[PDB]
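Data block for input-v2.pdb (PDB, C-alpha atoms):
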ATOM      1  CA  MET J   1      91.789  96.257 104.515
ATOM      2  CA  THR J   2      89.130  93.541 104.620
ATOM      3  CA  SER J   3      89.253  92.582 100.927
ATOM      4  CA  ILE J   4      93.078  92.306 101.026
ATOM      5  CA  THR J   5      94.232  88.671 101.024
ATOM      6  CA  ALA J   6      97.842  89.144  99.825
ATOM      7  CA  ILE J   7     100.602  91.617 100.634
ATOM      8  CA  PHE J   8     103.291  92.754  98.125
ATOM      9  CA  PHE J   9     106.569  94.369  99.228
ATOM     10  CA  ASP J  10     109.170  96.459  97.381
ATOM     11  CA  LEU J  11     112.688  95.172  98.349
ATOM     12  CA  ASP J  12     115.313  97.942  98.244
ATOM     13  CA  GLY J  13     114.338 100.967 100.312
ATOM     14  CA  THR J  14     111.463  99.132 101.988
ATOM     15  CA  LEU J  15     112.617  95.791 103.459
ATOM     16  CA  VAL J  16     116.292  96.285 102.741
ATOM     17  CA  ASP J  17     118.589  99.182 103.461
ATOM     18  CA  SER J  18     120.724  98.542 100.385
ATOM     19  CA  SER J  19     122.013 102.177 100.349
ATOM     20  CA  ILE J  20     125.715 101.545 101.153
ATOM     21  CA  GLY J  21     126.133  99.031  98.287
ATOM     22  CA  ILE J  22     124.114 101.116  95.773
ATOM     23  CA  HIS J  23     126.093 104.230  96.710
ATOM     24  CA  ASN J  24     129.369 102.293  96.382
ATOM     25  CA  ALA J  25     128.378 100.875  93.005
ATOM     26  CA  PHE J  26     127.699 104.444  91.734
ATOM     27  CA  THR J  27     130.955 105.884  93.093
ATOM     28  CA  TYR J  28     132.952 102.897  91.753
ATOM     29  CA  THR J  29     131.471 103.697  88.337
ATOM     30  CA  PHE J  30     132.386 107.392  88.453
ATOM     31  CA  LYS J  31     135.918 106.477  89.687
ATOM     32  CA  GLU J  32     136.342 104.126  86.684
ATOM     33  CA  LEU J  33     134.959 106.690  84.241
ATOM     34  CA  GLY J  34     137.270 109.329  85.763
ATOM     35  CA  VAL J  35     134.460 111.776  86.628
ATOM     36  CA  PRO J  36     133.598 113.469  89.920
ATOM     37  CA  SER J  37     131.025 111.652  92.009
ATOM     38  CA  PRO J  38     127.753 113.500  92.749
ATOM     39  CA  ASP J  39     127.005 114.188  96.429
ATOM     40  CA  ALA J  40     125.225 111.758  98.797
ATOM     41  CA  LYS J  41     121.843 113.491  98.420
ATOM     42  CA  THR J  42     122.049 113.234  94.606
ATOM     43  CA  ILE J  43     122.996 109.523  94.833
ATOM     44  CA  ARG J  44     120.094 108.942  97.270
ATOM     45  CA  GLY J  45     117.911 110.235  94.427
ATOM     46  CA  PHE J  46     119.255 107.426  92.211
ATOM     47  CA  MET J  47     117.772 104.755  94.559
ATOM     48  CA  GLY J  48     114.518 103.811  92.797
ATOM     49  CA  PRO J  49     114.694 105.182  89.233
ATOM     50  CA  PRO J  50     116.049 102.983  86.413
ATOM     51  CA  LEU J  51     119.868 102.877  86.348
ATOM     52  CA  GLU J  52     120.039 104.196  82.763
ATOM     53  CA  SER J  53     117.875 107.177  83.746
ATOM     54  CA  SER J  54     120.126 108.099  86.681
ATOM     55  CA  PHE J  55     123.340 107.866  84.648
ATOM     56  CA  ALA J  56     121.692 109.991  81.939
ATOM     57  CA  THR J  57     121.528 112.845  84.492
ATOM     58  CA  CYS J  58     125.336 113.045  84.789
ATOM     59  CA  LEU J  59     127.008 111.256  81.858
ATOM     60  CA  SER J  60     127.062 111.607  78.082
ATOM     61  CA  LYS J  61     124.504 109.394  76.348
ATOM     62  CA  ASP J  62     127.294 107.450  74.556
ATOM     63  CA  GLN J  63     128.671 106.408  77.986
ATOM     64  CA  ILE J  64     125.458 105.099  79.651
ATOM     65  CA  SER J  65     125.800 101.478  78.510
ATOM     66  CA  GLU J  66     129.423 101.325  79.733
ATOM     67  CA  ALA J  67     128.377 102.947  83.036
ATOM     68  CA  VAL J  68     125.567 100.379  83.533
ATOM     69  CA  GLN J  69     127.972  97.525  82.822
ATOM     70  CA  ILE J  70     130.577  98.808  85.294
ATOM     71  CA  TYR J  71     127.926  99.485  87.978
ATOM     72  CA  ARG J  72     126.644  95.928  87.753
ATOM     73  CA  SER J  73     130.266  94.671  87.964
ATOM     74  CA  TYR J  74     130.610  96.230  91.406
ATOM     75  CA  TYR J  75     127.036  95.464  92.503
ATOM     76  CA  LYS J  76     126.894  91.711  91.765
ATOM     77  CA  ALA J  77     130.261  90.958  93.392
ATOM     78  CA  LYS J  78     130.281  93.509  96.227
ATOM     79  CA  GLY J  79     127.373  96.002  96.412
ATOM     80  CA  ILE J  80     124.693  93.379  96.964
ATOM     81  CA  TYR J  81     126.345  92.398 100.327
ATOM     82  CA  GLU J  82     126.626  96.005 101.453
ATOM     83  CA  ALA J  83     123.036  95.918 102.651
ATOM     84  CA  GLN J  84     121.106  95.286 105.866
ATOM     85  CA  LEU J  85     117.456  95.015 106.903
ATOM     86  CA  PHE J  86     115.821  98.174 108.177
ATOM     87  CA  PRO J  87     115.105  98.079 111.950
ATOM     88  CA  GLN J  88     111.998  96.014 113.000
ATOM     89  CA  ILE J  89     111.585  94.456 109.512
ATOM     90  CA  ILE J  90     111.902  90.868 110.847
ATOM     91  CA  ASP J  91     109.188  91.735 113.437
ATOM     92  CA  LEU J  92     106.897  93.134 110.713
ATOM     93  CA  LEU J  93     107.364  90.105 108.479
ATOM     94  CA  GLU J  94     106.855  87.504 111.266
ATOM     95  CA  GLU J  95     103.636  89.289 112.227
ATOM     96  CA  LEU J  96     102.166  89.767 108.724
ATOM     97  CA  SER J  97     103.288  86.330 107.410
ATOM     98  CA  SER J  98     101.292  84.650 110.180
ATOM     99  CA  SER J  99      98.054  86.115 108.683
ATOM    100  CA  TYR J 100      98.817  86.682 104.972
ATOM    101  CA  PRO J 101     100.788  85.211 102.083
ATOM    102  CA  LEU J 102     103.583  87.740 101.327
ATOM    103  CA  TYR J 103     105.301  88.444  97.988
ATOM    104  CA  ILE J 104     108.188  90.530  96.844
ATOM    105  CA  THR J 105     107.487  92.722  93.756
ATOM    106  CA  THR J 106     110.655  94.569  92.711
ATOM    107  CA  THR J 107     112.277  95.952  89.557
ATOM    108  CA  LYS J 108     115.581  94.420  90.698
ATOM    109  CA  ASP J 109     116.223  91.338  88.505
ATOM    110  CA  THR J 110     114.440  88.280  89.921
ATOM    111  CA  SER J 111     117.666  86.370  90.601
ATOM    112  CA  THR J 112     119.322  89.348  92.354
ATOM    113  CA  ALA J 113     116.182  89.815  94.526
ATOM    114  CA  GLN J 114     116.152  86.132  95.382
ATOM    115  CA  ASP J 115     119.860  86.254  96.277
ATOM    116  CA  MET J 116     119.424  89.348  98.463
ATOM    117  CA  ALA J 117     116.385  87.947 100.301
ATOM    118  CA  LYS J 118     118.286  84.685 101.019
ATOM    119  CA  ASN J 119     121.432  86.608 102.113
ATOM    120  CA  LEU J 120     119.485  88.740 104.617
ATOM    121  CA  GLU J 121     117.537  85.726 105.917
ATOM    122  CA  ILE J 122     114.071  86.935 104.803
ATOM    123  CA  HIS J 123     113.495  84.697 101.735
ATOM    124  CA  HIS J 124     111.545  82.261 103.876
ATOM    125  CA  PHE J 125     108.755  84.750 104.749
ATOM    126  CA  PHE J 126     107.616  84.946 101.110
ATOM    127  CA  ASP J 127     105.378  82.767  98.927
ATOM    128  CA  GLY J 128     106.899  84.312  95.788
ATOM    129  CA  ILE J 129     109.617  86.702  94.749
ATOM    130  CA  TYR J 130     109.071  88.557  91.453
ATOM    131  CA  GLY J 131     111.620  90.935  89.871
ATOM    132  CA  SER J 132     112.259  92.439  86.438
ATOM    133  CA  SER J 133     112.418  90.165  83.367
ATOM    134  CA  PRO J 134     111.345  90.210  79.702
ATOM    135  CA  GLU J 135     107.814  89.291  80.925
ATOM    136  CA  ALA J 136     107.947  92.239  83.370
ATOM    137  CA  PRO J 137     110.198  95.272  82.670
ATOM    138  CA  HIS J 138     108.546  97.811  85.025
ATOM    139  CA  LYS J 139     106.758  97.871  88.376
ATOM    140  CA  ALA J 140     103.238  97.463  86.916
ATOM    141  CA  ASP J 141     104.294  94.365  84.881
ATOM    142  CA  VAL J 142     105.853  92.756  87.971
ATOM    143  CA  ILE J 143     102.662  93.415  89.977
ATOM    144  CA  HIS J 144     100.569  91.960  87.110
ATOM    145  CA  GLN J 145     102.746  88.853  87.127
ATOM    146  CA  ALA J 146     102.400  88.424  90.933
ATOM    147  CA  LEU J 147      98.598  88.857  90.786
ATOM    148  CA  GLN J 148      98.006  86.547  87.807
ATOM    149  CA  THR J 149     100.378  83.783  88.963
ATOM    150  CA  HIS J 150      98.573  83.683  92.337
ATOM    151  CA  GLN J 151      95.088  84.023  90.887
ATOM    152  CA  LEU J 152      94.414  87.338  92.653
ATOM    153  CA  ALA J 153      92.109  90.178  91.636
ATOM    154  CA  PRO J 154      93.795  93.561  92.107
ATOM    155  CA  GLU J 155      91.304  94.414  94.883
ATOM    156  CA  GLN J 156      92.818  91.608  96.987
ATOM    157  CA  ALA J 157      96.392  92.997  97.018
ATOM    158  CA  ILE J 158      98.312  95.951  98.496
ATOM    159  CA  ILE J 159     101.916  97.012  97.839
ATOM    160  CA  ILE J 160     104.090  98.299 100.670
ATOM    161  CA  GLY J 161     106.635 100.597  99.041
ATOM    162  CA  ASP J 162     108.907 103.626  99.359
ATOM    163  CA  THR J 163     108.861 105.245  95.864
ATOM    164  CA  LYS J 164     106.715 107.005  93.268
ATOM    165  CA  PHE J 165     107.291 103.934  91.053
ATOM    166  CA  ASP J 166     105.534 101.727  93.643
ATOM    167  CA  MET J 167     102.676 104.233  93.953
ATOM    168  CA  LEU J 168     102.192 104.532  90.173
ATOM    169  CA  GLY J 169     102.521 100.748  89.778
ATOM    170  CA  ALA J 170      99.677 100.321  92.266
ATOM    171  CA  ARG J 171      97.498 102.845  90.470
ATOM    172  CA  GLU J 172      98.140 101.269  87.053
ATOM    173  CA  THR J 173      97.237  97.766  88.264
ATOM    174  CA  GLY J 174      94.380  98.656  90.619
ATOM    175  CA  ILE J 175      95.931  97.345  93.863
ATOM    176  CA  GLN J 176      96.028  99.351  97.083
ATOM    177  CA  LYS J 177      99.192 101.333  98.008
ATOM    178  CA  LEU J 178     100.791 101.709 101.408
ATOM    179  CA  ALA J 179     103.527 104.373 101.466
ATOM    180  CA  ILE J 180     106.521 104.007 103.781
ATOM    181  CA  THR J 181     108.848 106.868 104.654
ATOM    182  CA  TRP J 182     111.789 105.151 106.444
ATOM    183  CA  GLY J 183     113.265 104.390 103.006
ATOM    184  CA  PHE J 184     114.630 106.038  99.902
ATOM    185  CA  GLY J 185     111.666 107.941  98.454
ATOM    186  CA  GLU J 186     110.585 111.295  99.900
ATOM    187  CA  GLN J 187     107.242 111.590 101.762
ATOM    188  CA  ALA J 188     106.208 114.686  99.754
ATOM    189  CA  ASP J 189     106.360 112.660  96.511
ATOM    190  CA  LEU J 190     104.545 109.633  97.941
ATOM    191  CA  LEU J 191     101.612 111.650  99.235
ATOM    192  CA  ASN J 192     101.000 113.148  95.761
ATOM    193  CA  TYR J 193      99.766 109.645  94.846
ATOM    194  CA  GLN J 194      97.048 109.381  97.558
ATOM    195  CA  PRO J 195      98.230 106.218  99.384
ATOM    196  CA  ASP J 196      95.680 104.147 101.262
ATOM    197  CA  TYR J 197      97.809 104.171 104.409
ATOM    198  CA  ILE J 198     101.204 105.599 105.382
ATOM    199  CA  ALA J 199     103.902 104.528 107.866
ATOM    200  CA  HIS J 200     107.126 106.067 109.079
ATOM    201  CA  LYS J 201     108.017 102.978 111.150
ATOM    202  CA  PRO J 202     107.618  99.279 110.281
ATOM    203  CA  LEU J 203     105.245  98.391 113.176
ATOM    204  CA  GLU J 204     102.909 101.223 112.212
ATOM    205  CA  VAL J 205     102.142  99.094 109.069
ATOM    206  CA  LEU J 206     100.437  96.471 111.212
ATOM    207  CA  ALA J 207      97.603  98.748 112.358
ATOM    208  CA  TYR J 208      96.215  98.949 108.824
ATOM    209  CA  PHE J 209      95.495  95.240 108.962
ATOM    210  CA  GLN J 210      93.646  95.547 112.317
TER     211      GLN J 210
END

Reformat the file's structure so that it appears as C-alpha coordinates.
Amino acid sequence: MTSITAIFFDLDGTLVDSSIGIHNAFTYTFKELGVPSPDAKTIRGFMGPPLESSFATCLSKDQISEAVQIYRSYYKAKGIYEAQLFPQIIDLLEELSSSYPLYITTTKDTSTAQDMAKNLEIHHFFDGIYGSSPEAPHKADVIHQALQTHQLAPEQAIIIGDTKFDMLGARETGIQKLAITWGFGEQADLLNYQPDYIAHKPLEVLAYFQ
(Lines of atoms letter the chains of each structure in order from A and count residues from 1; the text may use other names and numbers.)
(Lines give C-alpha, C1' and ligand atoms only; values in the text may rest on other atoms or scores of the structure.)
Protein backbone atom coordinates (compact mmCIF):
# COMPACT_ATOMS: atom_id res chain seq x y z
CA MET A 1 0.00 0.00 0.00
CA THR A 2 2.53 2.57 1.22
CA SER A 3 4.28 3.17 -2.11
CA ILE A 4 0.92 3.66 -3.90
CA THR A 5 0.26 7.33 -4.68
CA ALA A 6 -2.35 6.94 -7.45
CA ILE A 7 -5.38 4.71 -7.94
CA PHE A 8 -6.63 3.48 -11.37
CA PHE A 9 -10.17 2.16 -11.91
CA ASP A 10 -11.75 0.04 -14.66
CA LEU A 11 -15.17 1.61 -15.60
CA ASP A 12 -17.67 -1.01 -16.81
CA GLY A 13 -18.09 -3.87 -14.35
CA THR A 14 -16.22 -2.04 -11.60
CA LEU A 15 -17.62 1.49 -11.07
CA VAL A 16 -20.52 1.12 -13.46
CA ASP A 17 -23.14 -1.56 -13.78
CA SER A 18 -23.47 -1.11 -17.53
CA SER A 19 -24.92 -4.65 -17.98
CA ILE A 20 -28.48 -3.75 -19.11
CA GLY A 21 -27.23 -1.51 -21.96
CA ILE A 22 -24.46 -3.93 -23.05
CA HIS A 23 -26.93 -6.83 -23.01
CA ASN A 24 -29.44 -4.76 -25.01
CA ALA A 25 -26.82 -3.73 -27.55
CA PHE A 26 -25.96 -7.44 -28.12
CA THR A 27 -29.59 -8.56 -28.43
CA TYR A 28 -30.40 -5.62 -30.75
CA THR A 29 -27.55 -6.82 -32.96
CA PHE A 30 -28.75 -10.44 -33.08
CA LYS A 31 -32.34 -9.22 -33.78
CA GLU A 32 -31.04 -7.15 -36.74
CA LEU A 33 -28.91 -10.01 -38.05
CA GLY A 34 -31.90 -12.36 -37.69
CA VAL A 35 -30.10 -14.86 -35.42
CA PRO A 36 -31.09 -16.27 -32.04
CA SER A 37 -29.67 -14.40 -29.07
CA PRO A 38 -27.35 -16.34 -26.72
CA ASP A 39 -28.53 -16.70 -23.11
CA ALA A 40 -27.88 -14.15 -20.33
CA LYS A 41 -24.92 -16.10 -18.91
CA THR A 42 -23.24 -16.20 -22.35
CA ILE A 43 -23.82 -12.44 -22.83
CA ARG A 44 -22.41 -11.78 -19.33
CA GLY A 45 -19.26 -13.46 -20.67
CA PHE A 46 -19.11 -10.81 -23.42
CA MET A 47 -18.69 -8.01 -20.81
CA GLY A 48 -14.91 -7.42 -20.82
CA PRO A 49 -13.49 -9.12 -23.93
CA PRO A 50 -13.11 -7.14 -27.18
CA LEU A 51 -16.40 -6.83 -29.10
CA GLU A 52 -14.95 -8.48 -32.23
CA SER A 53 -13.82 -11.47 -30.15
CA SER A 54 -17.27 -11.97 -28.63
CA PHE A 55 -19.08 -11.77 -31.98
CA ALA A 56 -16.54 -14.23 -33.41
CA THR A 57 -17.90 -16.83 -30.94
CA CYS A 58 -21.38 -16.79 -32.52
CA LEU A 59 -21.26 -15.21 -35.99
CA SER A 60 -19.53 -15.92 -39.29
CA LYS A 61 -16.26 -14.03 -39.69
CA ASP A 62 -17.65 -12.12 -42.72
CA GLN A 63 -20.39 -10.68 -40.46
CA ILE A 64 -18.27 -9.39 -37.53
CA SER A 65 -17.68 -5.88 -38.90
CA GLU A 66 -21.41 -5.42 -39.60
CA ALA A 67 -22.23 -6.76 -36.12
CA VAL A 68 -19.78 -4.31 -34.47
CA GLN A 69 -21.27 -1.42 -36.43
CA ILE A 70 -24.85 -2.31 -35.47
CA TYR A 71 -23.89 -2.87 -31.80
CA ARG A 72 -22.32 0.58 -31.58
CA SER A 73 -25.46 2.04 -33.23
CA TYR A 74 -27.56 0.85 -30.31
CA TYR A 75 -24.90 1.52 -27.66
CA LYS A 76 -24.07 5.17 -28.45
CA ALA A 77 -27.71 6.26 -28.72
CA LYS A 78 -29.33 4.00 -26.10
CA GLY A 79 -27.12 1.39 -24.38
CA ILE A 80 -24.80 3.90 -22.75
CA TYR A 81 -27.76 5.30 -20.68
CA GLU A 82 -28.89 1.84 -19.62
CA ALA A 83 -26.33 1.85 -16.84
CA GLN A 84 -26.13 2.68 -13.13
CA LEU A 85 -23.41 2.86 -10.47
CA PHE A 86 -22.90 -0.25 -8.38
CA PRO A 87 -24.08 0.18 -4.75
CA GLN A 88 -21.67 2.16 -2.44
CA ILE A 89 -19.49 3.35 -5.37
CA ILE A 90 -20.07 7.06 -4.58
CA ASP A 91 -19.03 6.30 -0.95
CA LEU A 92 -15.86 4.52 -2.13
CA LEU A 93 -14.90 7.34 -4.48
CA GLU A 94 -15.55 10.17 -1.96
CA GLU A 95 -13.38 8.32 0.55
CA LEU A 96 -10.46 7.42 -1.76
CA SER A 97 -10.48 10.77 -3.65
CA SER A 98 -9.91 12.60 -0.37
CA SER A 99 -6.51 10.82 -0.01
CA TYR A 100 -5.44 9.94 -3.58
CA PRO A 101 -5.64 11.23 -7.15
CA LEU A 102 -7.95 8.79 -9.02
CA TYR A 103 -7.91 7.86 -12.72
CA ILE A 104 -10.08 5.83 -15.00
CA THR A 105 -8.19 3.31 -17.22
CA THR A 106 -10.63 1.55 -19.56
CA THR A 107 -10.66 -0.05 -23.02
CA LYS A 108 -13.95 1.77 -23.72
CA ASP A 109 -13.16 4.65 -26.13
CA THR A 110 -12.00 7.73 -24.21
CA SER A 111 -14.96 9.87 -25.30
CA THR A 112 -17.52 7.17 -24.40
CA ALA A 113 -15.87 6.75 -20.95
CA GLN A 114 -15.91 10.49 -20.41
CA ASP A 115 -19.58 10.66 -21.42
CA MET A 116 -20.54 7.77 -19.12
CA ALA A 117 -18.64 9.18 -16.12
CA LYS A 118 -20.34 12.59 -16.61
CA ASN A 119 -23.79 10.96 -17.08
CA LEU A 120 -23.49 8.98 -13.82
CA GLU A 121 -22.13 11.99 -11.92
CA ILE A 122 -18.69 10.50 -11.13
CA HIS A 123 -16.50 12.39 -13.66
CA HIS A 124 -15.60 14.91 -10.99
CA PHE A 125 -13.82 12.38 -8.72
CA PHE A 126 -11.10 11.76 -11.33
CA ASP A 127 -7.89 13.60 -12.28
CA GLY A 128 -7.86 11.84 -15.66
CA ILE A 129 -9.96 9.51 -17.75
CA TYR A 130 -8.08 7.31 -20.25
CA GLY A 131 -9.76 4.93 -22.72
CA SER A 132 -8.82 3.14 -25.94
CA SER A 133 -7.27 5.11 -28.83
CA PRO A 134 -4.57 4.65 -31.50
CA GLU A 135 -2.00 5.49 -28.77
CA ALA A 136 -3.56 2.81 -26.53
CA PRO A 137 -5.48 -0.15 -28.05
CA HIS A 138 -5.41 -2.54 -25.05
CA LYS A 139 -5.46 -2.37 -21.25
CA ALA A 140 -1.65 -2.29 -20.84
CA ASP A 141 -1.30 0.64 -23.31
CA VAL A 142 -3.99 2.63 -21.47
CA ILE A 143 -2.24 2.00 -18.13
CA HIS A 144 1.10 3.05 -19.70
CA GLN A 145 -0.51 6.26 -20.92
CA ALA A 146 -1.99 7.03 -17.46
CA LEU A 147 1.35 6.38 -15.72
CA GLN A 148 3.52 8.36 -18.16
CA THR A 149 1.15 11.35 -18.47
CA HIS A 150 1.12 11.68 -14.66
CA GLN A 151 4.82 11.01 -14.21
CA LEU A 152 4.25 7.85 -12.15
CA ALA A 153 6.48 4.80 -11.74
CA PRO A 154 4.46 1.58 -11.95
CA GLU A 155 5.22 0.87 -8.27
CA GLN A 156 3.16 3.94 -7.34
CA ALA A 157 -0.11 2.76 -8.97
CA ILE A 158 -2.77 0.07 -8.44
CA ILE A 159 -5.70 -0.85 -10.70
CA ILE A 160 -9.08 -1.74 -9.21
CA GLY A 161 -10.73 -4.04 -11.73
CA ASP A 162 -13.15 -6.90 -12.38
CA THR A 163 -11.59 -8.85 -15.31
CA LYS A 164 -8.64 -10.97 -16.43
CA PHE A 165 -7.78 -8.10 -18.82
CA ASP A 166 -7.29 -5.75 -15.84
CA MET A 167 -5.18 -8.37 -14.03
CA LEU A 168 -2.97 -9.06 -17.07
CA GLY A 169 -2.71 -5.32 -17.80
CA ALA A 170 -1.38 -4.81 -14.27
CA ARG A 171 1.14 -7.61 -14.63
CA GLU A 172 2.37 -6.34 -18.02
CA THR A 173 2.91 -2.79 -16.73
CA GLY A 174 4.18 -3.60 -13.23
CA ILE A 175 1.40 -1.90 -11.24
CA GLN A 176 -0.42 -3.57 -8.36
CA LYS A 177 -3.81 -5.28 -8.97
CA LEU A 178 -6.88 -5.23 -6.76
CA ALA A 179 -9.54 -7.73 -7.89
CA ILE A 180 -13.23 -6.98 -7.34
CA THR A 181 -15.95 -9.61 -7.55
CA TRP A 182 -19.21 -7.57 -7.52
CA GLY A 183 -18.78 -7.07 -11.28
CA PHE A 184 -18.63 -8.93 -14.55
CA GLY A 185 -15.53 -11.13 -14.26
CA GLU A 186 -15.60 -14.38 -12.27
CA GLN A 187 -13.61 -14.67 -9.01
CA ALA A 188 -12.03 -18.00 -10.07
CA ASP A 189 -10.42 -16.29 -13.09
CA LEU A 190 -9.23 -13.24 -11.14
CA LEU A 191 -7.49 -15.28 -8.47
CA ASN A 192 -5.43 -17.14 -11.11
CA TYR A 193 -3.58 -13.82 -11.52
CA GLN A 194 -2.49 -13.44 -7.85
CA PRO A 195 -4.10 -10.05 -7.02
CA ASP A 196 -2.58 -7.95 -4.26
CA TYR A 197 -5.95 -7.55 -2.55
CA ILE A 198 -9.51 -8.69 -3.27
CA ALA A 199 -12.95 -7.24 -2.48
CA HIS A 200 -16.49 -8.47 -2.90
CA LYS A 201 -17.97 -5.15 -1.71
CA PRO A 202 -16.86 -1.59 -2.49
CA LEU A 203 -16.09 -0.55 1.13
CA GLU A 204 -13.86 -3.58 1.60
CA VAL A 205 -11.48 -1.82 -0.90
CA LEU A 206 -10.78 0.91 1.65
CA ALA A 207 -9.07 -1.40 4.16
CA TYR A 208 -6.18 -2.02 1.76
CA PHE A 209 -5.27 1.65 2.02
CA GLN A 210 -5.30 1.57 5.86

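Once the PyMOL selection byres ((chain J and resi 197-204) around 8) is applied to the depicted file, the selected set reads residues 87, 88, 89, 91, 92, 177, 178, 179, 180, 181, 182, 195, 196, 205, 206, 207 and 208 of chain J.
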
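The space between CA of residue 99 (chain J) and CA of residue 145 (chain J) spans 22.2 Å.
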
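Of the listed residues J:127, J:12, J:32, J:109, the one whose atoms come nearest to residue 86 (chain J) is J:12, with distances taken using all atoms listed in the file.
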
Around (99.9, 83.3, 90.7), as given in the file, which residues come within 12 Å? Count all atoms listed in the file and list them as a ChimeraX atom specification. /J:6,101,103,127-130,142-153

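Residue nearest residue 50 (chain J), chosen from J:7, J:85, J:96, J:68 and counting only C-alpha atoms: J:68.
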
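Among the candidates J:83, J:31, J:61, J:40, the one nearest to residue 18 (chain J) when counting all atoms listed in the file is J:83.
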
Of the residues J:104, J:51, J:170, J:77, which is the one nearest to residue 65 (chain J), using only C-alpha atoms? J:51

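Across J:80, J:72, J:48, J:35, the tightest approach to residue 60 (chain J) is made by J:35 when counting all atoms listed in the file.
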
Give the centre and edge lengths of an axis-aligned box, in Å to one decimal, that holds all listed atoms of region 46-65 of chain J with 8 Å on each side, as JSON.
{"center_x": 121.6, "center_y": 107.3, "center_z": 84.6, "size_x": 30.2, "size_y": 27.6, "size_z": 36.0}

Rank nothing, just name the residue among J:187, J:173, J:53, J:73 nearest to residue 154 (chain J), using all atoms listed in the file. J:173

Report as a ChimeraX atom specification the residues that result from applying the PyMOL selection byres ((chain J and resi 64) around 12) to the structure here. /J:29-30,33,50-63,65-71

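The residues returned by the PyMOL selection byres ((chain J and resi 3) around 12) for this structure are residues 1, 2, 4, 5, 6, 7, 100, 152, 153, 154, 155, 156, 157, 158, 175, 176 and 209 of chain J.
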
Go ahead and write the residues just picked, C-alpha atoms, as an mmCIF file, in the frame of the given file.
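Once written, selection25.cif looks like this:
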data_model
loop_
_atom_site.group_PDB
_atom_site.id
_atom_site.type_symbol
_atom_site.label_atom_id
_atom_site.label_comp_id
_atom_site.auth_asym_id
_atom_site.auth_seq_id
_atom_site.Cartn_x
_atom_site.Cartn_y
_atom_site.Cartn_z
ATOM 1 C CA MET J 1 91.789 96.257 104.515
ATOM 2 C CA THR J 2 89.130 93.541 104.620
ATOM 3 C CA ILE J 4 93.078 92.306 101.026
ATOM 4 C CA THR J 5 94.232 88.671 101.024
ATOM 5 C CA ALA J 6 97.842 89.144 99.825
ATOM 6 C CA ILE J 7 100.602 91.617 100.634
ATOM 7 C CA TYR J 100 98.817 86.682 104.972
ATOM 8 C CA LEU J 152 94.414 87.338 92.653
ATOM 9 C CA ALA J 153 92.109 90.178 91.636
ATOM 10 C CA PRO J 154 93.795 93.561 92.107
ATOM 11 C CA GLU J 155 91.304 94.414 94.883
ATOM 12 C CA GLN J 156 92.818 91.608 96.987
ATOM 13 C CA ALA J 157 96.392 92.997 97.018
ATOM 14 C CA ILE J 158 98.312 95.951 98.496
ATOM 15 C CA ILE J 175 95.931 97.345 93.863
ATOM 16 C CA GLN J 176 96.028 99.351 97.083
ATOM 17 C CA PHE J 209 95.495 95.240 108.962
#

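For residue 10 (chain J), the non-local neighbours within 9 Å, defined as residues at least 4 positions apart in the same chain or in other chains and counting only C-alpha atoms, are residues 14, 15, 16, 103, 104, 105, 106, 107, 159, 160, 161, 162, 163 and 166 of chain J.
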
In Å, rounded to a single decimal, give me how far CA of residue 117 (chain J) is from CA of residue 41 (chain J). 26.2 Å

By how many Å are CA of residue 27 (chain J) and CA of residue 84 (chain J) apart? 19.3 Å
